[PDB]
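In the order they appear, the protein sequences are chains C and D.
Under the entry's author numbering, think of the first position of the first sequence as 520, with each following residue one higher.
Under the entry's author numbering, think of the first position of the second sequence as 520, with each following residue one higher.
For every residue, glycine included, the Cβ atom is placed at its ideal position computed from N, Cα and C.
This report concerns only the one structure given below.
2 protein chains.
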Amino acid sequence: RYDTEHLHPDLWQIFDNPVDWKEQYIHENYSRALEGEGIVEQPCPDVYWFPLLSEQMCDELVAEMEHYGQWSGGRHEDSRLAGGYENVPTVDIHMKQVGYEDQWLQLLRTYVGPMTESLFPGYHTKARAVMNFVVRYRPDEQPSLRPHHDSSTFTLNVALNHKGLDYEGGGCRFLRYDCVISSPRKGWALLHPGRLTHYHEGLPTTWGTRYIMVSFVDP
Amino acid sequence: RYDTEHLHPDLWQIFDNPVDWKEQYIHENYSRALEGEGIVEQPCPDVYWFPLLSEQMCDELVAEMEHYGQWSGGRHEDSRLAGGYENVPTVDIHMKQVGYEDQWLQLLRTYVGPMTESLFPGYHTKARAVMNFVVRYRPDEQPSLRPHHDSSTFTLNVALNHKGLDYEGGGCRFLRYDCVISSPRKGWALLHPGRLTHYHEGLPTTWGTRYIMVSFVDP
């Protein structure tokens, strides 16, 4: 089985060929990071920073998002939310329309879940994420988000571009910890709680466009 | 209305005359702590230790618990829980059996909630608590519990007796923070998250009986 009506059909081959998809799309240091050989960084309390994705998979996902074109979002109301009122608006493309929600959920349940279990002793993860979308921030389309938390036990923020070369500006700002993640990594990602002990704030971007993929896991 | 069918009928008079209950039950320095001029202590990161209840209230609660006699608990399985299995068995009496759960909820909504809102900016509290029981820590009966977490956004623990004079032992130990509560206060209460960022293990009591109050807030 191989759906040929796709720009990058190998992206959905995770179910058919897990070994090849993992060897091609996952970061080379992901195994080293999971094995416990350093790599993981904790610049702020109750936060982590380890490599998750590689250049090829990130570029393919960015190209697919560009091919989708319909950069929805930006209005206070939400059409994909049951309540119909979204607290924070941002220009983003949902994974449901793109059809990558199932593949991303499987990838998170395979690789992301063991990482979360290893980082926090005594914590069992079922990888139940109800919201997963990639937001594109532009100097004229979507500015930095207002200071707000995430409606999830843990919130993961993954960058999709190389810092500096692709976009100029900043990332987030932890007001509680008085720390700012000013050096995002294209291949790495952060998985920290955002329910009660994290009042996340968005820093602004001056030049270029920045794309970040955040999935609300365990809500 | 003043029902005398209790050892301490004034313990149920929290709502009848809120001023009288606040004046005769709450901690004298609790108002100063709510004013934000000290008293509140943070021995560990993202942890609070401030006085909540007065000695008279603690004595009344201890006497009521002793007179109740329904000190159930001690098995991995349980009948009070809907699931029927308790993750961490403990000899504790739920507030539902005593019937003071309404009073505890009212006190949490009146005094605990504003402190939580003031202490942690950007968070809204609604005093949503379900699991709350008083467990007596006895070295001969209930030894130290294994390290575990809490299935709630926040956890509150209040001492019910003077350590050393009444019981000999320890408090809690933060596995991921290397923080040990060796000098807990009868009036002070421990408020911190217990879902993901903190793994805690209780220290073992040695002599006497240590009475503690456990409440799962925002489950």
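Using the beta-carbon of each residue, which ones in chain C are nearer than 9 Å to residue i?
i: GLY689 (chain D); result: Those within 9 Å of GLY689 (chain D) in chain C number zero; the least Cβ separation is about 20 Å.
i: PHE639 (chain D); result: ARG695, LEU715, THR716 and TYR718
Under a Cβ-count criterion, where at least 16 other Cβ atoms within 10 Å of its own Cβ denotes burial, should residue i be classed as buried or exposed?
i: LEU684 (chain D); result: exposed
i: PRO662 (chain C); result: exposed
i: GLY618 (chain D); result: exposed
i: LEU526 (chain D); result: exposed
i: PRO537 (chain D); result: exposed
i: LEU600 (chain C); result: exposed
i: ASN606 (chain C); result: exposed
i: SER734 (chain C); result: buried
i: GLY557 (chain C); result: exposed
i: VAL649 (chain C); result: exposed
i: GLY603 (chain D); result: exposed
i: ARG714 (chain C); result: buried
i: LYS645 (chain D); result: exposed
Using a cut-off of 8 Å between C-beta atoms, extract the partners of residue i located in chain D.
i: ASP565 (chain C); result: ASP565, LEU715 and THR716
i: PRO738 (chain C); result: Correct list: empty, because the minimum Cβ distance to chain D is about 12 Å.
What residues of chain D sit near residue i, judged by a beta carbon separation below 7 Å?
i: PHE673 (chain C); result: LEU715
Rank the options by C-alpha distance to the C-alpha of residue i and give the top, closest one.
i: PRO640 (chain D); options: C:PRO608, C:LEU694 and C:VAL733; result: C:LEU694
i: residue 488 (chain D); options: D:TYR656, D:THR728, D:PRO712 and D:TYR686; result: Absent from the model: residue 488 (chain D). The displayed extent of chain D is 520 to 738, so no value can be given.
i: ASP535 (chain C); options: C:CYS577, C:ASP522 and C:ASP578; result: C:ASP522
i: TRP540 (chain D); options: D:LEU626, D:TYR549, D:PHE569 and D:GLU583; result: D:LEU626
i: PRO633 (chain D); options: D:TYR604, D:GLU554, D:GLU583 and D:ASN676; result: D:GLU554
i: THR724 (chain C); options: C:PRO703, C:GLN622 and C:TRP707; result: C:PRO703
i: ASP578 (chain D); options: D:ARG714, D:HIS546 and D:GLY690; result: D:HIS546
i: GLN575 (chain C); options: C:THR635, C:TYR642, C:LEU530 and C:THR672; result: C:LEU530
i: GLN543 (chain C); options: C:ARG551, C:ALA552 and C:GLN532; result: C:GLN532
i: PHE652 (chain C); options: C:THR672, C:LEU624, C:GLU636 and C:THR635; result: C:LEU624
i: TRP590 (chain C); options: C:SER573, C:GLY603 and C:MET614; result: C:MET614
i: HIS668 (chain C); options: C:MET732, C:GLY689, C:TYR718 and C:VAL631; result: C:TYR718
i: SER573 (chain D); options: D:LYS705, D:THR716 and D:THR728; result: D:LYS705
i: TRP726 (chain C); options: C:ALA552, C:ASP621, C:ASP659 and C:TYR696; result: C:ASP659
i: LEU710 (chain D); options: D:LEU638, D:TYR630, D:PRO666 and D:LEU675; result: D:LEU675
i: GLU687 (chain D); options: D:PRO666, D:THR728, D:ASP697 and D:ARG551; result: D:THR728
i: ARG551 (chain D); options: D:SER701, D:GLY690, D:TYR630 and D:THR644; result: D:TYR630
i: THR716 (chain D); options: C:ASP565, C:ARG520, C:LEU638 and C:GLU524; result: C:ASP565
i: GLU583 (chain C); options: C:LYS682, C:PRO528, C:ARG628 and C:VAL559; result: C:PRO528
Give me the chain C residues within the contact set of residue i, using Cβ-Cβ distance strictly less than 7 Å, ordered along the chain.
i: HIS595 (chain D); result: What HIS595 (chain D) touches in chain C: nothing, since even the nearest Cβ is about 16 Å away.
i: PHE693 (chain D); result: Correct list: empty, because the minimum Cβ distance to chain C is about 12 Å.
i: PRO666 (chain D); result: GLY641
i: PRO712 (chain D); result: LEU715 and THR716
Excluding the 5 residues flanking residue i on each side, which residues of the same chain have their C-beta closer than 8 Å to its C-beta?
i: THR609 (chain C); result: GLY592, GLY593, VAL654, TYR656, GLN661 and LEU664
i: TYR587 (chain C); result: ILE612, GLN616 and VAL617
i: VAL581 (chain D); result: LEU679, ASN680 and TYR730
i: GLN561 (chain D); result: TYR567 and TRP568
i: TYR642 (chain C); result: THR635 and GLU636
i: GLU620 (chain D); result: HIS613, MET614 and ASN651
i: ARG520 (chain D); result: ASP535
i: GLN622 (chain C); result: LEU530, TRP531, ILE533 and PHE534
i: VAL559 (chain D); result: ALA552, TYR567, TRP568, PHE569 and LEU638
If I measure Cβ to Cβ from residue i and keep anything under 6 Å in the same chain, skipping five residues before and after, which residues do I get?
i: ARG692 (chain C); result: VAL699, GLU720 and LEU722
i: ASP737 (chain D); result: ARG647, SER671, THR672 and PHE673
Between residue i and the rest of its own chain, which residues show a CB-CB distance below 7 Å, the 5 nearest in sequence each way excluded?
i: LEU571 (chain C); result: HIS546, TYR549, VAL677, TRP707 and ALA708
i: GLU596 (chain C); result: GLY603, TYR604 and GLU605
i: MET732 (chain D); result: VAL653, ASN676, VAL677 and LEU679
i: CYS563 (chain D); result: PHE693, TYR696 and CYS698
i: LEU638 (chain D); result: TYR567
i: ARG628 (chain D); result: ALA646
i: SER701 (chain C); result: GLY689 and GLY690
Q.
Could you tell me which whole beta strand (DSSP E) segments of length 3 or greater appear in the stretch 621-656 of chain D?
A. You should have 648-656.
Q) Which runs of the beta strand (DSSP E) fall wholly inside the stretch 583-627 of chain C and span at least 3 residues, in chain order? A) Restricted to the stretch 583-627 of chain C, the beta strand (DSSP E) segments that are unbroken, complete and at least 3 residues in length are 611-613, listed in chain order.
Q.
Please give the ranges of any beta strand (DSSP E) in the stretch 678-726 of chain C, keeping only runs that are unbroken, at least 3 residues long and fully inside the region.
A. As far as the stretch 678-726 of chain C is concerned, its whole beta strand (DSSP E) runs of at least 3 residues are 686-688, 691-693, 707-712 and 719-721.
**Q.** Runs of alpha helix (DSSP H) wholly within the stretch 542-586 of chain C (minimum 4 residues, chain order)
**A.** Those alpha helix (DSSP H) runs which fall completely within the stretch 542-586 of chain C and span 4+ residues are 549-554.
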